[PDB]
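The sequence shown lines up with residues -5 to 119, 125 to 159, 166 to 301 when you count with the authors' numbering. Think of the CB as a built atom: it goes at the ideal place given N, C-alpha and C, for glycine as much as any other residue.
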Amino acid sequence: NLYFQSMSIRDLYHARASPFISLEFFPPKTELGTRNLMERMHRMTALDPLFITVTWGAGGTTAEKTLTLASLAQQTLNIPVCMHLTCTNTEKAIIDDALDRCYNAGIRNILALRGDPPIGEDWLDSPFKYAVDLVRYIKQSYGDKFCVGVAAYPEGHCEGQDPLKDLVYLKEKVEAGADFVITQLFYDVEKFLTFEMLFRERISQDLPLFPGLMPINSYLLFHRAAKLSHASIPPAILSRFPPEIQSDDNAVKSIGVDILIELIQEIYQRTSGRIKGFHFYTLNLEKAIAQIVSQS
Ligand SMILES: Cc1cc2nc3c(=O)[nH]c(=O)nc-3n(C[C@H](O)[C@H](O)[C@H](O)COP(=O)(O)OP(=O)(O)OC[C@H]3O[C@@H](n4cnc5c(N)ncnc54)[C@H](O)[C@@H]3O)c2cc1C
């Protein structure tokens, strides 16, 4: 009781007896779009998310919009907010300003990311090179005042695939002080489960690990998400969408809800409840996620 931190994603995760979700949002490009998203976020608090996240454009391209939205959400929603933060190709002063502003706004969680590969200005010659460089820097500068998350790849990272290679780098990130891990999206439950077994044996028996999940909002959008993330779609899932279903968008969406429910239930059962938190890539949409949560 004495040591519990009510704003820490790690402490909140372990304290839960029952399973739960988290939600990732992005900053809209207009003020009207931002007002509308805040209304949507307010409605989605009825799904009882453990925390919400706000994405960050590589190289600082959305710095002001991300910082503003994360702070506004933290102040008004009464839910912990985790701000994403990429480190390559950005001046140290921008990273320092972002962390200072988060700290002063009451934000106590950061998802520490590389972003794109490092690159300079050739002969005109950027001190962060990998995500681990940012994890170490945050912990040096703030200790446990920030609970720090990092990214993982059950099917391996691909530059714009070897999951064992990335497990080596993931271990370095955890040893440097990462407090939780969120995965790239996947549709093959067995790729996630083999990864989770390797994570427990080689990295940590207890660290919070969230599968990242992308709803199926149309047949074409589903295929596009898998293409961009380099995630495989198993034959057993593809067979649920024969041509007569593919042509019927309402049927695709309904079957898509069932596939996500089944994925979640299989993970919870097969891991004996070790995996009790499920992270959704919302793309600022509510309906599919509300059905997945209400029908489960
Ligand atoms: C949950 C989640 C949220 C995300 N949010 C965003 C976002 O808001 N904005 C955005 O731009 N991107 C985001 N990304 C994408 C991410 O920035 C890219 O996948 C990026 O290419 C790698 O980031 P990382 O932090 O996993 O990098 P790292 O863990 O640094 O690894 C990336 C690669 O760097 C190399 N590497 C790492 N460490 C070492 C080492 N010690 N020695 C040698 N080589 C090494 C490896 O080749 C490795 O595959 C997100 C990803 C996830 C899973």
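Spatial neighbours of residue i in its chain, beta-carbon cut-off 6 Å, leaving aside the 5 residues before and after
i	result
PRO239	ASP193
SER65	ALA99
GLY114	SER125
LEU63	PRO21 and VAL48
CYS76	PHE45, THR47, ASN103 and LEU105
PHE227	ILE221
Extent of the continuous alpha helix (DSSP H) to which residue i belongs
i	result
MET35	25 to 38
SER244	Taken as a continuous stretch (DSSP letters only), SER244 belongs to no alpha helix (DSSP H), as it is neither H nor E.
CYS96	86 to 98
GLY217	Note, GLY217: premise wrong, no alpha helix (DSSP H); beta strand (DSSP E) at 214 to 218.
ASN255	254 to 275
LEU133	130 to 141
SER299	292 to 300
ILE250	248 to 251
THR49	Careful: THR49 lies outside any alpha helix (DSSP H) and carries neither H nor E.
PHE200	194 to 207
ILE3	3 to 9
Nonlocal neighbours in the same chain, by C-beta distance under 8 Å from residue i, ignoring five residues either side
i	result
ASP167	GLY155
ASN289	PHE19, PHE20, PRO22, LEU31 and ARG34
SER301	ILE266, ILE269 and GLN270
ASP132	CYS81 and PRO126
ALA256	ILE250
Residue i and residue j closer than 8 Å at C-beta
i	j	result
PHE185	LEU225	no
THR55	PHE20	no
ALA130	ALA151	no
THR287	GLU25	no
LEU44	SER16	yes
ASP254	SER223	yes
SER125	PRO112	yes
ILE297	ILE266	yes
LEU190	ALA230	yes
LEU71	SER140	no
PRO220	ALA295	no
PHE283	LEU198	no
residue 161	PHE200	In the model as presented, the chain runs from 159 straight to 166, which leaves residue 161 without coordinates.
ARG102	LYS170	no
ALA52	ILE88	no
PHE14	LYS196	no
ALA11	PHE(-2)	no
7 Å CB neighbourhood of residue i in its chain, flanking five on each side removed
i	result
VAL134	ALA106, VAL147, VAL149, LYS178, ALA181, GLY182 and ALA183
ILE242	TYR192 and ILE264
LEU172	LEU203 and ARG207
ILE73	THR39, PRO43, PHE45 and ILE46
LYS86	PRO126
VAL262	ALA293, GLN296, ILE297 and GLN300
N-terminal and C-terminal residue of the beta strand (DSSP E) that residue i is part of
i	result
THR62	Per DSSP, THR62 belongs to no beta strand (DSSP E); it is in the alpha helix (DSSP H), 57 to 71.
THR80	75 to 80
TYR286	282 to 286
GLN189	185 to 190
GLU177	No beta strand (DSSP E) holds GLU177; the alpha helix (DSSP H) holding it covers 168 to 180.
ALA236	Where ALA236 is concerned, there is no enclosing beta strand (DSSP E), given that its DSSP letter is neither H nor E.
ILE104	103 to 107
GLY148	146 to 151
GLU18	14 to 19
Distance cut-off 7 Å: residue i Cβ against heavy atoms of ligand 3
i	result
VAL131	Ligands displayed in this structure: ligand 1; ligand 3 is not among them.
Next item on the list: State whether the stretch 2 to 10 contacts the stretch 23 to 41, with contact taken as three or more CB pairs (one from each stretch) at a distance under 8 Å.
Entry: no
Next item on the list: Say whether the stretch 242 to 249 touches the stretch 195 to 211, bearing in mind that this needs 3 or more beta-carbon pairs closer than 8 Å, one atom from each stretch.
Entry: no
Note to self: For the stretch 71 to 83 against the stretch 97 to 116, do three or more pairs of beta-carbon atoms, one drawn from each stretch, fall closer than 8 Å, so that the two count as touching?
What the structure shows: yes
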